[PDB]
Amino acid sequence: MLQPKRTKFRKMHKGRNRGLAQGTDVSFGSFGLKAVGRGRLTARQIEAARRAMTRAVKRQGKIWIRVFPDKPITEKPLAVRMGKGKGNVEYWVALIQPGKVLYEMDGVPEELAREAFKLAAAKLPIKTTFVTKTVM
Amino acid sequence: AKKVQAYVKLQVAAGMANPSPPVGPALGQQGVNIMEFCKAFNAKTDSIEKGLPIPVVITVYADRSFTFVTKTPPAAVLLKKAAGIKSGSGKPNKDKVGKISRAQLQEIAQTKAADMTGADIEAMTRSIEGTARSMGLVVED
Amino acid sequence: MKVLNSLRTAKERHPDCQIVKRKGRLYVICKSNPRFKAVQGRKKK
Amino acid sequence: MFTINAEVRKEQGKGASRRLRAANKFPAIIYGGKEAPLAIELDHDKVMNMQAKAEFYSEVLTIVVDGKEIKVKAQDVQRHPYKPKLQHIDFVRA
RNA sequence: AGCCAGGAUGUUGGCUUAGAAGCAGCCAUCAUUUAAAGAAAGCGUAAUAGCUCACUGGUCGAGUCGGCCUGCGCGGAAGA
Ligand SMILES: [Mg+2]
Ligand SMILES: [Mg+2]
Ligand SMILES: [Mg+2]
């Protein structure tokens, strides 16, 4: 499960998530799974989806994960007053903007990557679309 | 040729005649004799050799017995005592187990006076090559 | 029969599975192997 | 071989370009060599299909603007972030 | 699309486990007669099986298939 091995600071301002995605082409594989919505992918989400596409291909071909959850998310538990300090880091997300290539894959037939990316797509909280490598 | 009228296959080797442990219970009962599996069975077995399994046609309109006339021995039965091993596929394709040759089986396959495919003694012969493959040997042709 | 808010799967559980729009719901009929029937909906209010 | 029909842009900037794309057209640009760049407007559907054959990105295409012929090669392309659409193209005079 | 056909031979497939004859699982996925016919498609299983299809010959006779950009709608939708 992905997580920064170490970081400069423990916690991070909430911030916002406007803008379009960077890194928008299939730049490693042959096929890609691309983001259509704006939002958060958790380290567990990336994993639930990664397993499925890897199940799906019987660990053939090759898989790239283009996103990484480097954003620490905190939460305040039950029975806690507001304030008295910032919550504790509980999990990690990567921020997703429309257009982010999430996963790439190659070494498999077009038909099979689609099944596999379809299977992962069911694990994610944002709409996605299936893409291909392109000259230029 | 006409339709469906009694016909089943299930033995092990022809140098026997009716054995028990294979089938025993299930080898005839819509007018077919278990006990009779001899007179007809060895109606052409003794006259050549004992040790190629040849199953064969029933035939029962509403009779109490059956006749059938037999045909040629199988093909797989030509890869234990004539060309290579018996463990069969062994481990069919992790190593290549053993091997045959172009000479081997062409003659033996080529004595079939009642079974195979093709007027070319070679096409039918080439087909026989495929079985040897089912158990992962080698091509030396 | 089972309900389901999705027939993508229950439509292909068998060759005679059809999909029909009786009244205004979508039923997956299959009159040979009925156990494979489904609907998408469940009535008015 | 590939033949593309273009009109010169009469406007420029973000508003105009967003309006061009709202009209199923899209801006593009022609540059290179001694002549000045030529801002042009292309038909979206027609060019989408053309550029869907790898041949497009390596063969010399011909753009037609007022019955004059410009020989170019595709040089860059900006695509929609997530739709099968084109936002813009660079052509260089071959 | 429909309906008539066929769907044959190496091969009852060798072989992994107690059957196996595609009949479970792993291995490969060869081969002939042809009009095509998968060492299989999945129901089924004491072994047969006895089903249909995948694929092709006939019949009909002019359309048919399902992806793309998009508009409005459908279902998803239970509370005092
Ligand atoms: Mg009613
Ligand atoms: Mg503005
Ligand atoms: Mg037809």
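Some thoughts on the interface of chain A and chain D
Then, in step 1: Across the contact, 10 residues belong to chain A and eight residues belong to chain D.
Then, in step 2: Summed over both partners, the interface of chain A with chain D comes to about 730 Å²; 72% of that surface belongs to carbon and sulfur atoms.
Then, in step 3: Of all residues in chain A, the largest losses of buried area upon contact with chain D belong to A:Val36, A:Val135 and A:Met136, amounting jointly to 60% of the total for that side.
Then, in step 4: Joining chain A to chain D, the criterion identifies zero salt bridges.
Then, in step 5: Of the residues belonging to the side of chain A that touches chain D, the class tally is six nonpolar, three polar and one charged.

Let's talk about the environment of D:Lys14
Then, in step 1: By secondary structure assignment, the location of D:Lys14 is in helix α1 (residues 14–22).
Then, in step 2: Sequence spacing of D:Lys14 and D:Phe91 is 77 residues, and the spatial spacing of their C-alpha atoms is 20 Å.

With respect to the protein's contact with RNA strand E
Then, in step 1: Every one of the 42 residues lining RNA strand E counts as a neighbour, but B:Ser89, B:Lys94, B:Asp115, B:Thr117 and D:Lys83 are closest to it.
Then, in step 2: Among the atoms of RNA strand E close to the protein, meaning within 4 Å, 68% are from sugar or phosphate groups.
Then, in step 3: Note that a base nitrogen of RNA strand E is positioned 2.6 Å from one of the backbone N or O atoms of B:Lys9.
Then, in step 4: At a separation of 2.4 Å, a phosphate oxygen of RNA strand E approaches a polar side-chain atom of B:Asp115.

So, helix α1 (residues 43–56) of chain A
All names here are of chain A.
Then, in step 1: A rise of 1.5 Å per residue sets the reference length of α1, with its 14 residues, at 20 Å; its end C-alpha atoms lie 20 Å apart and thus fit the reference within 8%.
Then, in step 2: Restricting attention to buried positions, one finds in α1 the residues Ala43, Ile46, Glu47, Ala49, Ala52, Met53 and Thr54.
Then, in step 3: Each element contacted by the buried residues of α1 is listed here: β2 (39–42), β3 (62–65), β5 (88–96), β6 (101–106) and α2 (110–121).
Then, in step 4: Of the residues flanking the end of α1, it is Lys58, one or two places downstream, whose phi is positive at about 55 degrees.

Quick notes on unusual backbone geometry
Then, in step 1: The backbone of A:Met136 shows a phi angle near 60 degrees, a positive value even though the residue is not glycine.
Then, in step 2: Mapping A:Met136 onto the fold places it in the segment after β7 (128–132).

Focus on the packing of aromatic side chains
How two aromatic rings sit relative to each other is given by the distance of their centres and the angle of their planes.
All names here are of chain D.
Then, in step 1: In total, this model carries six aromatic pairs over all chains according to the counting rule given.
Then, in step 2: Taken together, a centroid distance of 5.5 Å and an interplanar angle of 65 degrees make the contact between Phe2 and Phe56 edge-to-face. Here the residue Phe2 occupies a position in the segment before β1 (3–8), and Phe56 occupies one in the loop between α2 (44–50) and β4 (61–65), the gap between them amounting to 54 residues.
Then, in step 3: Assessed through its relative accessible area of 8%, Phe2 is described here as buried.
Then, in step 4: Ring centres of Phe56 and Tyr57 lie 5.3 Å apart, and the angle between their planes is 75 degrees; on these two criteria the pair is classed as edge-to-face.

Some details on the sheet that holds β1(D)
Residues and elements named next belong to chain D.
Then, in step 1: If you trace the six strands once around the closed barrel, you get β1-β3-β2-β6-β5-β4, paired in mixed fashion. The average undirected angle you get between the axes of adjacent strands in this sheet is 45 degrees.
Then, in step 2: Pairing of strand β2 (residues 25–31) with strand β6 (residues 86–93), which is carried by three bridges, proceeds in the parallel orientation. Bridging from a neighbouring strand, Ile29 pairs with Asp90 of β6.
Then, in step 3: Lying on the sheet, α1 is in contact with β2, β3 (38–43) and β6; it crosses β2 at an angle near 125 degrees.

The rules we used
Residues numbered from 1 in each chain as written, not as in the entry; some residues may be left out. Chains lettered and ligands numbered in written order. Part of a larger assembly, values for the part shown. Heavy atoms only, no water. Residues with missing side-chain atoms left out of burial classes, pairs and counts. Contact = heavy atoms within 4.5 Å. Buried area = accessible area lost by both parts, 1.4 Å probe. Salt bridge = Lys/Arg side-chain N within 4 Å of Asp/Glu carboxyl O. Nonpolar A, V, L, I, M, F, W, Y, C, P; charged D, E, K, R; others polar. Helix = DSSP H or I, 4+ residues; strand = E, 2+ residues; numbered from the N terminus. Near = heavy atom within 4 Å. Polar contact = N/O pair within 3.5 Å; in protein donor to acceptor, adjacent residues only side chain to side chain. Expected span 1.5 Å × (residues − 1). Buried < 20%, exposed > 50% of the residue type's maximum accessible area, 1.4 Å probe, protein only. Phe/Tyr/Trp six-rings, centres within 6.5 Å; stacked < 30°, edge-to-face > 60°. Pairing = 2+ DSSP bridges. Axes fitted to C-alpha atoms, helices over the stretch in contact; angles between N-to-C directions.

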